[PDB]
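# Structure assessment
Take a look at the letters that make up each chain.
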Amino acid sequence: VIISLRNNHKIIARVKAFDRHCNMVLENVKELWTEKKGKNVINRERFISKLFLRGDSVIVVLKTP
Amino acid sequence: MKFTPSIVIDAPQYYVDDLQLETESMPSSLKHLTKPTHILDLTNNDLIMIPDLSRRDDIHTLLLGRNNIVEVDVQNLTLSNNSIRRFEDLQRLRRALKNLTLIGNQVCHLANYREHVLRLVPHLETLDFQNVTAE
Amino acid sequence: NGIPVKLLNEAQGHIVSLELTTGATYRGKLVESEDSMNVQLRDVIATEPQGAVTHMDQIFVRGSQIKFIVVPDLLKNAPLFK
Amino acid sequence: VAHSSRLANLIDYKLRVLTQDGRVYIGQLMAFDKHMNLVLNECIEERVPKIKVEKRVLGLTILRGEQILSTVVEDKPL
Amino acid sequence: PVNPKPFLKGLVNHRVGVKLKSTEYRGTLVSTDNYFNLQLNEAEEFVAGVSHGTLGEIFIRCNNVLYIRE
Amino acid sequence: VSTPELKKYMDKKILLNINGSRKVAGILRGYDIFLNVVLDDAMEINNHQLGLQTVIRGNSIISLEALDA
Amino acid sequence: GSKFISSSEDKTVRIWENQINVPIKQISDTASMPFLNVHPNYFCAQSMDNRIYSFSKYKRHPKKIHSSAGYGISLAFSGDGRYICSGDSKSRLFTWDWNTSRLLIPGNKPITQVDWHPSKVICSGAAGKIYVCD
Amino acid sequence: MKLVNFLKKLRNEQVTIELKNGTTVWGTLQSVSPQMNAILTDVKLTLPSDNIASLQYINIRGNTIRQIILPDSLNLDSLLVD
Amino acid sequence: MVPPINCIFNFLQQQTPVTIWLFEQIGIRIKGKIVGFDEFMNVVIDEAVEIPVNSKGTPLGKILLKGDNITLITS
RNA sequence: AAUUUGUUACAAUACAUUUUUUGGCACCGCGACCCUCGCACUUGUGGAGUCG
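Residues numbered from 1 in each chain as written, not as in the entry; some residues may be left out. Chains lettered and ligands numbered in written order. Part of a larger assembly, values for the part shown. Heavy atoms only, no water. Residues with missing side-chain atoms left out of burial classes, pairs and counts.

### A short note on the overall build of chain A
The secondary structure content of chain A amounts to zero helices and five strands. Its helices and strands taken in sequence order, chain A reads β-β-β-β-β from the N to the C terminus. In terms of overall dimensions, chain A has C-alpha extents of about 40 × 25 × 20 Å along its principal axes. Nonlocal contacts in chain A, meaning residues at least 24 apart in sequence, comprise 38% of its contacts between residues at least 6 apart. (Helix = DSSP H or I, 4+ residues; strand = E, 2+ residues; numbered from the N terminus. Contact = heavy atoms within 4.5 Å.)

### Digging into the overall build of chain D
Helix and strand counts for chain D come out as zero helices and five strands. Listed by position from the N terminus, the elements making up chain D come as β-β-β-β-β. Computed over C-alpha atoms, the radius of gyration of chain D comes to 12 Å, within 12% of the 12 Å expected from 2.2 N^0.38 for 78 residues, which places it in the range of a compact globule. Its C-alpha atoms give chain D principal-axis dimensions of about 35 × 25 × 20 Å. (Rg over C-alpha atoms; globule rule 2.2 N^0.38 Å.)

### Side note on the sheet that holds strand β7 (residues 76-78) of chain B
Through backbone hydrogen bonds, the strands of a sheet pair up, either in parallel or in antiparallel fashion. Residues and elements named next belong to chain B. As summarised here, the arrangement of the eight strands in space is β1-β2-β3-β5-β7-β8-β9-β10, forming an open sheet in which the pairing is mixed. Strands with a single pairing partner mark the edges of an open sheet, and in this sheet they are β1 (13-15) and β10 (130-131). Direction of pairing for strand β8 (residues 99-101) relative to strand β9 (residues 126-127): parallel, over a ladder of two bridges. Across the sheet, residue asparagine 99 finds its bridge partner in β9, namely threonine 126. (Pairing = 2+ DSSP bridges.)

### What to know about the environment of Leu78(D)
For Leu78(D), the position within the fold is in the segment after β5 (68-73). In this structure, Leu78(D) is in contact with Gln13(B), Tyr14(B) and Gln28(D), ignoring residues within four places of it in sequence.

### Remarks on the packing of aromatic side chains
Judged by centre distance (6.2 Å) and plane angle (20°), the rings of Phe52(A) and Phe6(H) are stacked. Taken together, the residues span two chains, with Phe52(A) in strand β4 (residues 44-53) and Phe6(H) in helix α1 (residues 3-9). Geometrically, the ring pair formed by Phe9(I) and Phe37(I) is tilted, given 4.8 Å between the ring centres and 40° between the ring planes. In this pair, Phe9(I) is assigned in helix α1 (residues 4-14) and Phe37(I) in the loop between β2 (25-34) and β3 (43-52), connecting sequence segments 28 residues apart. Sitting over the face of the ring of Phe7(E), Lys62(I) holds its NZ or CZ atom 4.1 Å from the ring centroid. (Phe/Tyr/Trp six-rings, centres within 6.5 Å; stacked < 30°, edge-to-face > 60°. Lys NZ or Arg CZ within 6 Å of the ring centre and 35° of its normal.)

### Some points on the interface of chain A and chain H
Taken residue by residue, the interface counts 23 residues in chain A and 22 residues in chain H. The biggest single contributor to the side of chain A that touches chain H is β4(A), with six residues. Of the residues assigned to the side of chain A that touches chain H, the class counts are ten nonpolar, four polar and nine charged. (Nonpolar A, V, L, I, M, F, W, Y, C, P; charged D, E, K, R; others polar.)

### Digging into the arrangement of the chains
Contact between chain D and chain E is absent, and the least distance between their C-alpha atoms amounts to 18 Å. Nothing in chain E touches chain F; the tightest C-alpha to C-alpha distance between them is still 14 Å.

### Observations regarding the sheet that holds strand β7 (residues 67-69) of chain G
Residues and elements named next belong to chain G. Judged by pairing direction, the sheet is antiparallel, and its four strands sit side by side in the order β7-β8-β9-β10 without closing on themselves. The sheet terminates laterally at β7 and β10 (94-99), the two strands that pair on one side only. Averaged over all pairs of adjacent strands, the angle between strand axes in this sheet comes to 15°, irrespective of strand direction. When strand β9 (residues 83-88) meets β10, the two strands line up antiparallel, connected through five bridges. Within β10, the position partnered with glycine 87 by the bridge is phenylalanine 94. (Axes fitted to C-alpha atoms, helices over the stretch in contact; angles between N-to-C directions.)

### Some points on the interface of chain A and chain E
Contact residues are listed per partner, giving twelve residues for chain A and twelve residues for chain E. The residue makeup of the side of chain A that touches chain E, split by class, is six nonpolar, two polar and four charged. Direction of pairing for strand β5 (residues 58-63) of chain A relative to strand β4 (residues 51-60) of chain E: antiparallel, over a ladder of four bridges. When the sheet's bridge partners are listed, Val60(A) is paired in β4(E) with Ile60(E).

### Describing the pairing of strand β3 (residues 24-33) of chain A
All names here are of chain A. Two strands pair when backbone bridges link them, and strand β2 (residues 11-15) and β3 are joined in this way by three bridges, in the antiparallel orientation. For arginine 14, the partnering residue across the bridge sits in β3 and is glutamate 27. The sheet contact formed by β3 and β4 spans nine bridges and is antiparallel. By the bridge assignment for β4, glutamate 31 is matched with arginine 46.

### Some thoughts on unusual backbone geometry
In this chain, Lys64(G) is followed by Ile65(G) through a cis amide linkage whose omega measures 10°. Assignment of secondary structure puts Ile65(G) in the loop between β6 (53-55) and β7. Residues other than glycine seldom take positive phi values, yet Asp52(B) does so here, at roughly 80°. With respect to the helices and strands, the residue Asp52(B) is situated in the loop between β4 (49-50) and β5 (61-63). We note that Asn21(G) has phi near 75°; this positive angle belongs to a residue other than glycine. Note on placement: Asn21(G) falls in the loop between β2 (13-17) and β3 (22-27).

### Concerning the pairing of strand β1 (residues 2-5) of chain A
Residue and element names in this part refer to chain A. Relative to β2, β1 runs antiparallel, the two being bridged by two bridges. From the neighbouring strand, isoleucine 3 faces β2, where its bridge partner is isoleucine 11. Counting the residues between successive antiparallel strands, the hairpin from β1 to β2 contains five residues, one of them, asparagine 8, with a positive phi of roughly 60°.

### Topic: the pattern of salt bridges
Side-chain pairs of opposite charge can arise where the charged atoms are in close proximity. Ionic pairing is found between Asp77(H) and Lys16(A), a salt bridge with its closest N-O pair at 3.2 Å. With one member in each of two chains, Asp77(H) in helix α2 (residues 76-80) and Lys16(A) in the loop between β2 and β3 form a pair that bridges those chains. A salt bridge links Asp68(I) to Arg57(F); the nearest nitrogen and oxygen atoms lie 3.8 Å apart. Of this pair, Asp68(I) sits in the loop between β4 (63-65) and β5 (72-73) while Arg57(F) sits in the loop between β7 (53-56) and β8 (61-66), placing the two residues on different chains. (Salt bridge = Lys/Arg side-chain N within 4 Å of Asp/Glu carboxyl O.)

Shown next, in the form of structure tokens:
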């Protein structure tokens, strides 16, 4: 599943935990953003094995079948 | 009476009139202060050389009054009443520094002492409690 | 209950300084304080974040938007802490 | 610095403190809170303009936890 | 007579659009709660009135919401 | 829990300094424990009044500095 | 000392100190202790389902599920299977086991209580009869 | 149910932590509060293209911590048990 | 004293021209008629109109604007 | 020639919608001049003129 986030981070990851706050424990984690000081165009993404996440960050979660 | 870790740990610690530590023949073992002081008072000791410091990012004021400083290995450096004798011995201060005091050092009476300091340590704005002026 | 709150309450009467989220420092006699740091102050100067200062009478401030409060150093002595 | 468990156990230690605006408050923690508000004994706000450390001595300061980011130990007691 | 929560309840299984703290959305509402978190199907991402992408099945977090509309 | 003691400021014109470097004026008519303000209307700071009476939300208030003493 | 001995369905036996009002000693070796009896040697005989111990062992196959101590150091054990298990107190040996005749249900045959006089035995039974064993 | 509990259970772990302002923080979690206030030891602060700054002890606040990057080896199901 | 809740209720009863300001958003305002009431500042407001502020008029339908992002009311 | 028991007090072992921790985040000073000689506990501190 993919998650949109406040800081422009598309978090494509496998969900493990879930709560009232929409905090999440994540496996198989693959974030997507862009380190870019203007004018520039770069698209970057990194793999992380295991990752805890805070809920205020979360804007919209989505499920791609 | 070596400057030791144990010595530093029982030393008066307070907020001065900045965080200051109240303090010896050789400056050593400063690691134990843990870079927690803005000022260190080393007045009235027997240090010969201003050297031996660890990396101390906090330290902005060094009061080194009435010691025996004859050689130099930070915004304010007070060296009043020490033993610096040659203009060339003050050269290492060019690599630092806005407030500098070297009064009561033999070097003071050397011809052109003030102009020499000003040209070699241009970052100093107040020298011996007098404003470095443009002229 | 919060000891900082208590301290603030104690500081009532005294001339506290007071910066907000905006970064607009005030100084004045602390008239009233509440559990939520809802401060009122008298005879209060008001510095702009850029620099300029403005005198004003009886300012109210809501603790939410308060950043930090400076209290006079006499309160250090006694007798809230122990 | 010592290897503490909590903040409460390290009361009265000289503290570096960061806040959301980017200022750095330094001073001894006199008292803590349920919401991490800090009383600081001899507080100095240290700020950095967009160069080199600007410095302001405050005094006894109540500091709101909302704005607090993180606290670090500057030195030992006394 | 019409409060908000009941309106929200009524509007389940119907088209809705959401603005944020900004980008517009467009999708059929699945369900809602007291906190005003959302779950939508056939989500279309109106980037300032420009349907950039069609995500489909989504869950919007409450605090980023601005307003609901048909 | 406790009520904001604004009974001193009741029925006086106040500069409600509000979120986003904005302002409001007007005479104070009421309030609550969340510090929402109900006030008989005035201008937004050259100047232009909107409304007969106005209600400002609690969160939005930076300050409510008294115009009258 | 301990002036009160107690036995509970948590399968412990406590030796109480009443003046201070707290347990002096705990005896956990039982795996509910439904009966005790005081030897007229300053000790106690404690019971459980299959194992009758003593406290300052007694050989028992399953007797599960009262005790009485003669002044001659004979230790009686009433069964719920209707068997009367007599012991010596010193040894732990079981020298006799009897079976009562129910009455004029086979479930109703058991021994609810029992006592010795100040050479005779008196056992109330669940069959609505008292029996006197000589 | 609670992730707080899970967090608490995670003790003595050398972990990276990511903040709302993007600061990467390499340290050993000695403890965490019920409200996610992280208490680290052997700490290393780096920004997301500039030099590093190391520190012995850091108490970071719960509201700031965006993502705690967990250790390499971890049994998650077990942790999730009450 | 006139509480905020009471005021809101009155407004609802009336059905009058309400002009809402947005929290941390200067450029936009809303203009409609209050239909709903909540325990929090949240309400439903049918026949709403989005407005770009004078540093014209834009189309908008029926809306509930969420309580957290409200600032001003007038009715 | 410290140990146990009882009583009293304090502290520790709950939850997201406006005041804290479910975030509205991200992309006076430096040149000049001249005034004041005053025993204190401090927002700040002479004035004219130029530079930022």
